[PDB]
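Working notes, beginning with the structure itself.
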Amino acid sequence: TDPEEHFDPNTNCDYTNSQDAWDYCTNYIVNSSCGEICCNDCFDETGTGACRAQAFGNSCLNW
């Protein structure tokens with residue numbers, strides 16, 4: 001999926017930009033909160049499934 005048509009931030013997200021939230025989630029920007037959790041917290045599961053690949057096996061060693 002793409003993060004464009006998918007936002008659903010639970011009450012622990014902060015950023016309300018698709019790009020910045022995604023970037024940090026996907027370890028693009030070193031931040032020590034990334035992995036599947038950061039996807040889950042800023043995005044529903046569907047958005048998450050994409051963002052997970054971009055943390056899992058793109059930048060972060062472990063999601």
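Following the order of the structure tokens, first chain is A, next is B, and so on, with residues numbered from 1 inside each chain and ligands from 1 in the order they appear.
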
All residues 7 Å or closer to segment 6-13 of chain A, only C-alpha atoms, same chain fewer than 6 positions away omitted, as a ChimeraX atom specification: /A:41-44,47

Near-segment 56-61 of chain A list (8 Å; only C-alpha atoms; drop same-chain fewer than 3 positions) as a list in words: residues 26, 27, 28, 34, 35, 36, 52 and 53 of chain A

For the residues selected in the previous step, produce a file with N, CA, C and O atoms as a compact mmCIF listing (two decimals), in the first residue's frame.
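Written output follows (again-v9.txt):
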# COMPACT_ATOMS: atom_id res chain seq x y z
N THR A 26 10.50 4.28 9.34
CA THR A 26 11.24 3.46 8.38
C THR A 26 12.75 3.65 8.54
O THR A 26 13.53 3.28 7.67
N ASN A 27 13.19 4.19 9.70
CA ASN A 27 14.58 4.38 10.13
C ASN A 27 15.39 5.25 9.15
O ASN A 27 16.62 5.31 9.19
N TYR A 28 14.69 5.97 8.27
CA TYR A 28 15.26 6.91 7.31
C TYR A 28 15.98 8.04 8.06
O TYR A 28 17.01 8.54 7.60
N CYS A 34 11.69 3.66 15.96
CA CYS A 34 11.24 3.03 14.72
C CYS A 34 10.87 1.54 14.89
O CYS A 34 10.89 1.00 16.00
N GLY A 35 10.56 0.85 13.78
CA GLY A 35 10.11 -0.54 13.76
C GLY A 35 8.59 -0.61 13.62
O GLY A 35 7.94 0.41 13.37
N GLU A 36 8.02 -1.81 13.69
CA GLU A 36 6.60 -2.05 13.39
C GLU A 36 5.68 -1.23 14.30
O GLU A 36 4.62 -0.80 13.87
N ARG A 52 6.26 -1.27 7.31
CA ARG A 52 7.00 -2.36 7.90
C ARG A 52 8.09 -2.81 6.96
O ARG A 52 9.22 -2.84 7.41
N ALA A 53 7.80 -3.11 5.69
CA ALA A 53 8.86 -3.50 4.75
C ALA A 53 9.98 -2.45 4.73
O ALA A 53 11.16 -2.79 4.70

To test your reading of the structure, identify every residue in segment 3-60 of chain A that backbone DSSP assigns to helix (DSSP H, G or I), and report it as a VMD selection string. chain A and resid 3 to 5 18 to 25 36 to 42 45 to 56

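Going from atom CA of residue 49 of chain A to atom CA of residue 32 of chain A covers 20.0 Å.
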
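Among A:21, A:39, A:29, A:14, the residue with the shortest atom-to-atom distance to residue 63 of chain A, counting only C-alpha atoms, is A:39.
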
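Across the structure, atom CA of residue 30 of chain A and atom CA of residue 2 of chain A are spaced 21.6 Å apart.
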